[PDB]
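Here is the structure we will look at.
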There are 2 protein chains.
Amino acid sequence: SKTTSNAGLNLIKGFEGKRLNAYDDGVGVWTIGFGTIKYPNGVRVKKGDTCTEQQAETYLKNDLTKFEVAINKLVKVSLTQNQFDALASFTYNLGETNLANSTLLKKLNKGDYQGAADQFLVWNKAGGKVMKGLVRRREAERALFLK
Amino acid sequence: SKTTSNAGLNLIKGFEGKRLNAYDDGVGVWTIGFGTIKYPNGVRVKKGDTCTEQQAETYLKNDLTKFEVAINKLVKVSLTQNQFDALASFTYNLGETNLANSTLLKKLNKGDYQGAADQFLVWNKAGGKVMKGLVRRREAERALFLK
């Protein structure tokens, strides 16, 4: 069973940004590193927390584990490491339920890799508006999937 | 018995957006207007459909009826219109079963309005992922509920 490799980690790190001081993510949930809100020991991130780059990467790798488990359970065809990494970014962003219900996964499990790759681009909306950042993200994920 | 007023309608329009051309939501469900997937005559939205803003408003008001019915059946205490509208947004987003089983409804039906208001905030997850947009929705619903 696969885990997220450096291609997927770099993708996600680019999207989350690097923040070594805890920050309000905009809705009052304190966050640090590359999108971490809870340390692997269960302690919640709080205002005033600081971390190192290595700690942030470890925390990201931990945050990914549940979504990696979901991908390994849900996908029933072979994946290149690039394809797994693209799905890890997609699923980290959108959650396991969106992956489980997606047309992407339906087509993927039929062996239709090209159709699945094109489904990444459908998920470009937040609040019904197409977001340029989500377009760029889905395009990067599709590009890695097809690499 | 109550129906959703302009306040709840604006809350829901906020996070559904407005799209007068039908679009795929990523799970193969074509969607139009303010999150409508089935017209009031039971006909499913399909690719190529278009509607006017007025039609979209009518369709959204129709979509809300099942959730309004659920709230009026499940809630056993008085509600201001603001509180009803907050619950309409919450239940539109999360569904009748989640409302029925919620600590939110349990506290509300004991007459514990402040406890219920605070329970809005725990419903900020999708597919194992805390979502900033969901936190925003829940905080807006709580604020309207408390107004």
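If you check B:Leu60, B:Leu79 for being within 15 Å of the chain's Cα centre (by Cα) and in contact (Cβ under 8 Å) with a residue 40 or more places away in the chain, only one passes: B:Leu60.
For the structure I just gave you, tell me whether B:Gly48 is within 14 Å of chain A (Cβ to nearest Cβ) and either part of a loop (DSSP other than H, G, I, E, B) or under 24 Å from B:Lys107 (Cβ atoms) (or both). Break it down into steps so the answer makes sense when it comes.
On the way: within 14 Å of chain A (Cβ to nearest Cβ): no; either part of a loop (DSSP other than H, G, I, E, B) or under 24 Å from B:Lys107 (Cβ atoms) (or both): yes.
So B:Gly48 fails the test.
Could you list, in sequence order, the residues of region A:43-57 that are of a type in the set (D, E, K, R) and without any contact (Cβ under 8 Å) to a residue 24 or more places away in the chain? Talk me through it step by step, then tell me what you get.
From region A:43-57, those of a type in the set (D, E, K, R) are A:44, A:46-47, A:49, A:53, A:57; that's our starting set.
Once the filter is applied, which keeps residues that are of a type in the set (D, E, K, R) and without any contact (Cβ under 8 Å) to a residue 24 or more places away in the chain, region A:43-57 yields only A:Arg44.
Closer than 21 Å to B:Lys132 by Cβ, more than 13 Å from chain B (Cβ to nearest Cβ) and not hydrophobic (A, V, I, L, M, F, W, C): does that describe A:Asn62? Yes, satisfied.
Of the residues in region A:110-122, at least one is at the interface with chain B (Cβ under 9 Å from one of its Cβ atoms) and either more than 14 Å from the chain's Cα centre (by Cα) or touching a residue at least 24 places away in the same chain (Cβ under 8 Å) (or both).
Name every residue in region B:117-147 that is among the small types (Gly, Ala, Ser) and surrounded by 20 or more Cβ atoms within 10 Å (Cβ to Cβ), in order of residue number. Quick ask: steps written out before the conclusion?
Step one: filter region B:117-147 for residues among the small types (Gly, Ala, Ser), giving B:117, B:126-128, B:133, B:140, B:143.
If the condition is that a residue be among the small types (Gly, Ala, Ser) and surrounded by 20 or more Cβ atoms within 10 Å (Cβ to Cβ), then B:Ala117 is the only one that fits.
Residue selection: A:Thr36 fails the criterion of being over 28 Å from B:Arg138 (Cα atoms), of a type outside the set (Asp, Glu) and in contact (Cβ under 8 Å) with a residue 24 or more places away in the chain.
Would you mind finding the one in B:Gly42, B:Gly26 that is more than 14 Å from every other protein chain (Cβ to nearest Cβ), more than 25 Å from B:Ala86 (Cα to Cα) and of a type outside the set (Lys, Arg)? Before you say what the answer is, go through the steps one by one.
Values: B:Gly26 fails: more than 14 Å from every other protein chain (Cβ to nearest Cβ).
Every option except B:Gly42 fails the conditions.
Here A:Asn109, A:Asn72 are screened, and the one residue that is farther than 27 Å from A:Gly26 by Cβ and touching a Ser or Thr at 6+ places or on another chain (Cβ under 7 Å) is A:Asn72. On the stretch given as region A:1-22, residues that are under 19 Å from A:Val45 (Cα atoms) and assigned to a loop (DSSP other than H, G, I, E, B) total 2. Please tell me if A:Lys132 is among the charged types (D, E, K, R), under 23 Å from B:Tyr23 (Cβ atoms) and within 14 Å of chain B (Cβ to nearest Cβ). Taking the combined requirement at face value, the residue does not satisfy it.
Residue-wise test of (1) within 30 Å of A:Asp24 (Cα to Cα); (2) of a type in the set (A, V, I, L, M).
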| site | (1), (2) |
| --- | --- |
| B:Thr36 | no, no |
| B:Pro40 | no, no |
| B:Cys51 | no, no |
| B:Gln54 | no, no |
| B:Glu96 | no, no |
| B:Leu105 | yes, yes |
| B:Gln119 | yes, no |
| B:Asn124 | yes, no |
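All of B:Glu141, B:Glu68 fail the test of being within 14 Å of chain A (Cβ to nearest Cβ) and in contact (Cβ under 8 Å) with a residue 24 or more places away in the chain, apart from B:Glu141.
Quick reminder, even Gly has a Cβ in these numbers, built from the backbone with ideal geometry, and neighbours come from all protein chains shown. Every number here is computed from the coordinates shown, using simple stated rules; none is lab data.
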